[PDB]
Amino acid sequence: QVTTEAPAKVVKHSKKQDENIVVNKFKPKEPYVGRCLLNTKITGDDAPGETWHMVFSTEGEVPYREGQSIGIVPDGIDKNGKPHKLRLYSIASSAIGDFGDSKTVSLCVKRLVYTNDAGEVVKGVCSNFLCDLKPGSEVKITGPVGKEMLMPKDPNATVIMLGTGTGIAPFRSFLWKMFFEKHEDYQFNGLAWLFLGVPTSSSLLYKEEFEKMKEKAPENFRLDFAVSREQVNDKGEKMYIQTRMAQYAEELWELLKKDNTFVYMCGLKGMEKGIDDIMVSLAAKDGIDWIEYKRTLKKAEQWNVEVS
């Protein structure tokens, strides 16, 4: 008698792709050092700000999956001569990545530039270090991190993705695995619906890639853009993400009542409110309380949010 089945730790059940998940392999103390392969500005010279797409080599050392983030420790020192603390960035590439070899990672970064009360033009430290990165230079990477935005296991589920600005990042990740990759254990056949809010047309992130996916899966891939400073509803209200969602109110509420519908939200902290406003009315007309229903969805792993 050399064996025994040690009693099992009690565990919560999950509908998301978390099997063999990895978080925090690399710490800021000793980050994984990768190199920049490419770094391109994806917004028009005319857009209010600049957003860049960049790819780093990982030689397969960073075991990330769709929906996770990695931290970046930007080169340099702060005002007190100390190294910079990490900044987190949602991964914009699928687990196998932009080279299809599982040896790279991609980011979608907005260059942060503003002016303080003193009237001084301030440049965000990490975002400017990243957007300035030249191919061939090293970059310190930490993580992976996160389990909230992991894709659902069900390959026939309805996945509603709501994002603003660079919040599109994890959705580009999900969608690559869903429509640009042939997976033995996962071949998506449900309905993927993406809503993306950006300020101008010169700011439409990954527009061409999304259009190729629609041209390849015209049935099960739906795409709706909400250009806030160019588009307007019938009353002249700015077309924010919730204003566009409102044109499909009947349909979305109908999908939300389905049990295989998963909603993901990523981007600005504020997008959260206008959407709940839209949802509270729908449930109300249906004799439902969104406050209680949302609670249920959240616990059922069907209302996933990652905003900052």
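From 1 onward, residues are counted along the sequence shown.
Chemist: Given the B-factors recorded for C-alpha atoms, which segment has the greater mean, 176 to 184 or 135 to 143?
Modeler: So the stretch with the higher mean C-alpha B-factor is 176 to 184.
Chemist: Can you tell me whether 49 to 57 has a higher mean C-alpha B factor than 255 to 263 in this record, or the other way round?
Modeler: Result of the comparison: 255 to 263.
Chemist: In this PDB entry, which of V121, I96, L88, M149 has the top CA B-factor?
Modeler: Checking the PDB record, the top C-alpha B-factor among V121, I96, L88, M149 is at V121.
Chemist: With respect to C-alpha B-factor, does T243 fall in the lowest, middle or highest third of the chain as deposited?
Modeler: It falls in the bottom third of the chain.
Chemist: Compare the C-alpha B factor of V113 with those of the other modelled residues in its chain, then answer lowest, middle or highest third.
Modeler: For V113, whose C-alpha B-factor we compare with every modelled residue in the chain, the answer is the middle third.
Chemist: Looking at the C-alpha B-factor of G167, is it in the lowest, middle or highest third of its chain?
Modeler: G167: CA B-factor falls in the lowest third of its chain.
Chemist: Lowest, middle or highest third: which one holds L268 when the chain's residues are ordered by CA B-factor from the entry?
Modeler: For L268, the deposited C-alpha B-factor lands in the middle third.
Chemist: Taking the C-alpha B-factors as the PDB entry records them, is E219 in the lowest, middle or highest third of its chain?
Modeler: Its C-alpha B-factor, which the entry lists for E219, ranks in the highest third among residues of this chain.
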